[PDB]
Amino acid sequence: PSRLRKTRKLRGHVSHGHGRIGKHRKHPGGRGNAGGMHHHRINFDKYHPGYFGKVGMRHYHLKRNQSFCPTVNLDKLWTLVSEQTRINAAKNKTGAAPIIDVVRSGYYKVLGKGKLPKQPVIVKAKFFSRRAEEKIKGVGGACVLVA
Amino acid sequence: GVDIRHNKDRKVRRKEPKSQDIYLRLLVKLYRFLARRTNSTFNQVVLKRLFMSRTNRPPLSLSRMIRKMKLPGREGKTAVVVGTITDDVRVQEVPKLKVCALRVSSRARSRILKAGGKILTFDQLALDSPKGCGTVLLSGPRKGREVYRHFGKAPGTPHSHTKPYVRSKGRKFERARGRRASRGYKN
Amino acid sequence: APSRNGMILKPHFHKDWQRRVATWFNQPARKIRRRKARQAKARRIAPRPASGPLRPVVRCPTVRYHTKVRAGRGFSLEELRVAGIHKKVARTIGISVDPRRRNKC
Amino acid sequence: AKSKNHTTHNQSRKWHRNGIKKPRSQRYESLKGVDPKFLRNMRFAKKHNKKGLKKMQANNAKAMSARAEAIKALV
RNA sequence: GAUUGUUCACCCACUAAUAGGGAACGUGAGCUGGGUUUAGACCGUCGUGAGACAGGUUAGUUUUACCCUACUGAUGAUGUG
RNA sequence: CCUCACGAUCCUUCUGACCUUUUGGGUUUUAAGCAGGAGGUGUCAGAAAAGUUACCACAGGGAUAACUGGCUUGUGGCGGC
RNA sequence: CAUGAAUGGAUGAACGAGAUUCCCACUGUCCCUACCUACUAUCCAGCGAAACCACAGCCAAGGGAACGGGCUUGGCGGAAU
RNA sequence: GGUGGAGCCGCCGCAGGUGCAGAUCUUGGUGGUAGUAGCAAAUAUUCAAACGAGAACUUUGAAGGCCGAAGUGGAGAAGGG
RNA sequence: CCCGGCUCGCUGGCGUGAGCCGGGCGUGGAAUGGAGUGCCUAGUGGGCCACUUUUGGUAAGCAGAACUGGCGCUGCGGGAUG
RNA sequence: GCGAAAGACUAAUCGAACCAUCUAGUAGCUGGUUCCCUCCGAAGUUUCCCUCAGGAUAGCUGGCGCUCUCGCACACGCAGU
RNA sequence: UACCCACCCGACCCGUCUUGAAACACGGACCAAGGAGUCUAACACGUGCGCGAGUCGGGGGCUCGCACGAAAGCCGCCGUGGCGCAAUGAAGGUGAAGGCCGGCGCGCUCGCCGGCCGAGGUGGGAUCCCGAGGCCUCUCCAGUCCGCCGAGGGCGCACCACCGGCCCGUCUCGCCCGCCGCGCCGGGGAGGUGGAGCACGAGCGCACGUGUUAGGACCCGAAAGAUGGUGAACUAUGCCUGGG
RNA sequence: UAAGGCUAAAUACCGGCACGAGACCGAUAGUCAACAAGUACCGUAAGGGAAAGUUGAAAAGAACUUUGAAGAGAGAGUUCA
Ligand SMILES: [Mg+2]
Ligand SMILES: [Mg+2]
Ligand SMILES: [Mg+2]
Ligand SMILES: [Mg+2]
Ligand SMILES: [Mg+2]
Ligand SMILES: [Mg+2]
Ligand SMILES: [Mg+2]
Ligand SMILES: [Mg+2]
Ligand SMILES: [Mg+2]
Ligand SMILES: [Mg+2]
Ligand SMILES: [Mg+2]
Ligand SMILES: [Mg+2]
Ligand SMILES: [Mg+2]
Ligand SMILES: [Mg+2]
Ligand SMILES: [Mg+2]
Ligand SMILES: [Mg+2]
Ligand SMILES: [Mg+2]
Ligand SMILES: [Mg+2]
Ligand SMILES: [Mg+2]
Ligand SMILES: [Mg+2]
Ligand SMILES: [Mg+2]
Ligand SMILES: [Mg+2]
Ligand SMILES: [Mg+2]
Ligand SMILES: [Mg+2]
Ligand SMILES: [Mg+2]
Ligand SMILES: [Mg+2]
Ligand SMILES: [Mg+2]
Ligand SMILES: [Mg+2]
Ligand SMILES: [Mg+2]
Ligand SMILES: [Mg+2]
Ligand SMILES: [Mg+2]
Ligand SMILES: [Mg+2]
Ligand SMILES: [Mg+2]
Ligand SMILES: [Mg+2]
Ligand SMILES: [Mg+2]
């Protein structure tokens, strides 16, 4: 609201919070980000390092859907499944290893972060990490690829 | 005719919750009482926390609450958080806990009760142990906010890595004069 | 004139925006103009699927939307001389006909 | 339009208003700046402290029981 | 008094003497406008040129007081029944 | 022998990896990257740049002259030992 | 310093509200002012503006943003015109 | 208290085109100046009567005067309506 | 600080050295005072004066530095006035 | 445009008309910037800049906090010494 | 206290730029009404609230002629999607775990097989726990209840300092490889170094404040530039026709 | 599958006809315009362009007497005023 604004408390104050030596003229610095090279260099160079200049390689008409690839960590794999299918395991005495279709929960890749519960699994994904391979293998379980 | 600097004689700390929620103002009325009376510094910290801001009493995940209760000796005590208990999907072996908090997210509420645990509020905690006897005070990581990354020396000063504010990160967004030794210099 | 660690902020107001600003106070009244049409059309064709003709099952193109399935534009021609429905007749029995779908599978 | 060209006039006041601070020094300062052949070695010294923990633990109980005997022989 | 826009200068002549200065380098709603110092022009020098020249030369609007004060005169004024 | 003898972005060129991209596959050119040098900004943290205005204009400036006034008194004048 | 030949040189009758110098005649330009006339101003009946105005309106000296009306110390101050 | 003649405020919350001495501010109003400057370009009016509430200024008569036919006289164009 | 012991791809005739683990021991000059640390951030970026030091200048209420103090930002008693 | 030429004249306007719009053109530059009380309280310096009437960054300032200490017979730390 | 008057002391006219204003600096005759930091978008931090590894919000949809409604409510829409949940490389691309033990390859600080623990350690660390010993209590002693003080000893959040470790880029150096193919194939190691990284999370949405911008942008202010138009009734010439 | 063609629906509407509403303005505000307003008026013309709302409830809007040339008064009357 206008009610709680410092512009109320600046009534009867001549300069209105802008100082009477150097008044609030219109545009003293420049207009916008203007003068990155000249006379604003200390800012752009000490707060935005790497602003000015080209780098890398042009890829004209990029489309994100080509390179779309979400990721899961093994940290939260048994979250994609209802936790009861995990409780209907570590039990059942048969080596059930329920199937987890990482594709169905919207992830085209499984990465190897975090601990994994000592439990057999079948993980269907598109692209695996190497360590995510070894974490599932070493727990006892398979890595199954899907197209 | 005295010659002290009155610069920083007034101490800037919160002595009342800046919020208006009557509930927080009520158990503040409770530990405005306990804190003055009982010798326990416990509630003097609990009181001095009930004032603080959301941004200053961060949420405590449930797993960080386990490994701080698993330590040798603090078995049988109660976890006490002036804050909220969140859930941790990346943890499953939930031991039985006795927790107190202002809030407990609904999911973490069912993980705790299902494990044969108990959750209290800061008024039953006043009746359990008014002195705070047999408790464990905890908190979430206050240097956890993503804000704390943009703080520090500066980005672009020598070997002081601090995240800069960029409208959107990418190839052509701040990898130039100052970042690659090939283009100007680098720090 | 920047000050002390903001963003770079290229905002697009240099051109002339004040003139061509489109406010949306029609928004709740348009919700109602459409609602009557939606109803007045259903009452006009009384026994008929109000939603419209039947559309076919169809898969989304790019690899990111691989696994979803949509309602397509219309049933293809190759589809139709399998079920035995003449292409001009189906347009009259609430079957969307798309004469433009290459069936590959 | 000539102007003053320099001065350190009340500068002593300014940078002594917050009271020039000798840099707060902790124990365990950073090893960055030490010659690599030191670290490239002392990291191997630190990495294999554990291989040889059995000697350390038993030899600790030896002096711990010899000085539990030294404090009991005084008693 | 002669010359000079001149201050300054030089001479003629007289005289007792032709001392030196200040007053916003006294004094433009007191004057004059000759000189500087707009616009017009003319030469010389300089500049490729527009033009420049404490280098000359001729032509070029000089407003307002009835207000307060000061001053000059002019009535008066309280007191003295 | 020590304290000076030098140069960003962009652009251009040269050099290096059996490098990467060159886009629906594949092979060759070609081009784009990556990493180092060079081509240069002497106003040397780096605009691509001649005048004149006495026909002039505007924003300002007593932060900046041309009068007066102050301080000073070399110089000028006047006067001592 | 720094003239000069169609960026024209040298002359020159007539002409010029062109620029100077001298002489005769003339004169209140002047020595040195005087009076006379008309219209004003002046007073009255009638009618009646404007620029301007922080507050205002007697001086010396002092200080002071280095020349005050006001401030300090003196001098002084008598209605309405 | 008064005049005035139809609506208005207290508290808890919300919203602003929200508080004026000033901008050579804008619009309107009003002073001081001041009953002051002024009603001075082309020589000139006077007597009697009439009318009238009222006559320096109208009208009639008488007298003195000026414009003096390149007019202050007699008719037109454009313009005015 | 003082002992005891482990580790090393460095260093070396052995030892150095550093790193670790384990024990053994408290006020180490006077005077003062609660300290530490992180976020946003306005105004400012014409200055002037005095003691002392001092550079141009003959000198300046001149130009230019040091050190502190003021004035600007601040009235009161005093210096008549400032 | 027109000029026997002065940058003259072009409807009180001319070194480049008047009218409406683009237009609230831009301004590192003048001017102004509206109620009280309470607490804290500066700078005119640093480096870079077509920088020298401006900015950028340093400082100096305030606000917001937090981490602890223990005058709760039972303190470490700092300092214009 | 406010009206008039009197006295003693004090006392220069305000606004402003300014090193310095009562200034022989500028604005201001007087009085009324008007009159200047706004809205939008985008960030940033602080703060409040909801939910919390999620959380929305829009557009749609389902419910009205609105009185209050162009509101409120509801929708596998609620996730199509944004932001977050993961980085790093120019890019092809890769992608956050280690410890320990036993067993097997020669433990070779190398490679493989079975079991255990799981985010490492050091120093401070608010601090809870345990507490030797005291301190009384009407007796000598006995003794369980209650606390106060409490040397000393333990766990140790948050955070800070440091040492380790892992991911990616690059380098160096060196070893063994796996084999749906052949190795100008792919794969692992040790050591250093670049990174806006991980090292059991903190975001999302909604408010409000402050600040910075883009916007006419706190209000007023140019000399100009551009696009279209209207003028020779003045005056500048030429022409036509009259007059002197 | 180009070099030929047709097409409803969601979509846009500061003009127009006809409506409805408002955390809007309330006569220097709100459109220039609450009224004979794009009117009066200015400019040759393109164009520019105002000011100005309120008696009472009902005109019951002051008959009559009187002073005055008349404007204006004094009484009276109307009115809740
Ligand atoms: Mg103030
Ligand atoms: Mg100002
Ligand atoms: Mg549909
Ligand atoms: Mg003079
Ligand atoms: Mg004079
Ligand atoms: Mg004069
Ligand atoms: Mg002359
Ligand atoms: Mg001339
Ligand atoms: Mg010649
Ligand atoms: Mg020449
Ligand atoms: Mg091809
Ligand atoms: Mg000239
Ligand atoms: Mg000329
Ligand atoms: Mg000056
Ligand atoms: Mg002088
Ligand atoms: Mg007179
Ligand atoms: Mg009424
Ligand atoms: Mg309003
Ligand atoms: Mg007002
Ligand atoms: Mg005559
Ligand atoms: Mg006639
Ligand atoms: Mg300044
Ligand atoms: Mg000076
Ligand atoms: Mg200025
Ligand atoms: Mg000055
Ligand atoms: Mg003066
Ligand atoms: Mg001025
Ligand atoms: Mg231009
Ligand atoms: Mg076609
Ligand atoms: Mg009106
Ligand atoms: Mg009114
Ligand atoms: Mg109006
Ligand atoms: Mg009225
Ligand atoms: Mg009225
Ligand atoms: Mg009345």
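Every residue, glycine among them, receives a Cβ derived from its backbone with ideal geometry; neighbour counts consider all protein chains shown. Read the figures in this text as sums done on the coordinates, not as results from a lab.
Contact map, region C:87-99: first residue under 13 Å from C:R73 (Cα atoms), second residue part of a helix (DSSP H, G or I), Cβ cut-off under 7 Å, separation 6 or more or different chains; pairs are C:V97/C:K87; C:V97/C:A90; C:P99/C:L77.
Determine whether region B:24-36 contains at least one residue that is farther than 18 Å from B:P141 by Cα and within 16 Å of RNA strand H (Cβ to nearest atom). Taking every residue of region B:24-36 in turn, at least one turns out to be farther than 18 Å from B:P141 by Cα and within 16 Å of RNA strand H (Cβ to nearest atom).
Scanning region C:30-72 for residues that are within 29 Å of C:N103 (Cα to Cα), within 19 Å of the chain's Cα centre (by Cα) and basic (K, R) turns up C:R55, C:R59, C:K68, C:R70. Of the residues making up region B:87-113, those that are more than 14 Å from chain A (Cβ to nearest Cβ) and touching a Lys or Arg at 6+ places or on another chain (Cβ under 9 Å) are B:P95, B:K96, B:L97, B:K98, B:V99, B:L102, B:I112. Looking at A:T79, A:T94, just one residue is free of Cβ contacts under 8 Å to residues at least 40 places away in the same chain, facing chain B (nearest Cβ under 10 Å) and part of a loop (DSSP other than H, G, I, E, B), and that residue is A:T79.
Every test in (1) within 20 Å of the chain's Cα centre (by Cα); (2) surrounded by fewer than 17 Cβ atoms within 10 Å (Cβ to Cβ); (3) closer than 28 Å to B:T162 by Cα is passed by A:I42 save one, and that test is (1).
For region B:160-187, the set of residues classified as in contact (Cβ under 8 Å) with a residue 12 or more places away in the chain and at the interface with another protein chain (Cβ under 8 Å from one of its Cβ atoms) consists of B:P164, B:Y165, B:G178, B:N187, listed by residue number.
Within region A:132-141, is even one residue away from chain B (no Cβ under 14 Å), in a strand (DSSP E or B) and not small (G, A, S)? Scanning region A:132-141, I find no residue that is away from chain B (no Cβ under 14 Å), in a strand (DSSP E or B) and not small (G, A, S), so the answer is no. With respect to the conditions (1) under 30 Å from B:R5 (Cα atoms); (2) among the basic types (K, R); (3) outside any helix (DSSP H, G or I), D:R13 lacks only one, and its number is (3).
Of the residues D:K22, D:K55, only one is charged (D, E, K, R), within 31 Å of the chain's Cα centre (by Cα) and outside any helix (DSSP H, G or I); which? Walk me through it before giving the result.
On the way: D:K55 fails: outside any helix (DSSP H, G or I).
None of the others qualify; the one that does is D:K22.
Residues are listed down the side, and each one gets a yes or a no for (1) out of contact with any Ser or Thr (no Cβ under 6 Å at 6 or more places or on another chain); (2) within 14 Å of RNA strand I (Cβ to nearest atom); (3) in a loop (DSSP other than H, G, I, E, B); (4) away from chain C (no Cβ under 14 Å):
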| position | (1), (2), (3), (4) |
| --- | --- |
| A:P1 | yes, no, yes, yes |
| A:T7 | yes, yes, yes, yes |
| A:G12 | yes, no, yes, yes |
| A:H16 | yes, yes, yes, yes |
| A:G19 | yes, yes, yes, yes |
| A:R25 | yes, yes, yes, no |
| A:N33 | yes, no, yes, no |
| A:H38 | yes, no, yes, no |
| A:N43 | yes, yes, no, no |
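One residue stands out among those in region A:102-131 that are under 15 Å from A:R86 (Cβ atoms) and charged (D, E, K, R): the one that is nearest to the other protein chains (Cβ to nearest Cβ), which is A:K115. Within region C:22-31, does at least one residue satisfy the condition of being within 14 Å of chain A (Cβ to nearest Cβ), free of Cβ contacts under 8 Å to residues at least 12 places away in the same chain and either farther than 30 Å from A:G32 by Cα or loosely packed, with under 10 Cβ neighbours inside 10 Å (or both)? Within region C:22-31 (the criterion being within 14 Å of chain A (Cβ to nearest Cβ), free of Cβ contacts under 8 Å to residues at least 12 places away in the same chain and either farther than 30 Å from A:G32 by Cα or loosely packed, with under 10 Cβ neighbours inside 10 Å (or both)), the answer is no, since none of the residues qualifies. Filtered by the rule that a residue be part of a loop (DSSP other than H, G, I, E, B) and of a type in the set (S, T, Y), region B:95-152 gives B:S105, B:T121, B:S129, B:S139.
Among the residues making up region D:1-53, those that are more than 12 Å from RNA strand J (Cβ to nearest atom), of a type in the set (G, A, S) and within 14 Å of chain B (Cβ to nearest Cβ) are D:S30, D:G33. For region B:114-124, the criterion of a residue being within 14 Å of chain A (Cβ to nearest Cβ), more than 30 Å from A:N43 (Cα to Cα) and small (G, A, S) is satisfied by at least one position. For region A:49-58, the criterion of being assigned to a loop (DSSP other than H, G, I, E, B), within 14 Å of chain C (Cβ to nearest Cβ) and over 26 Å from the mean Cα position of the chain (by Cα) is satisfied by no residue at all.
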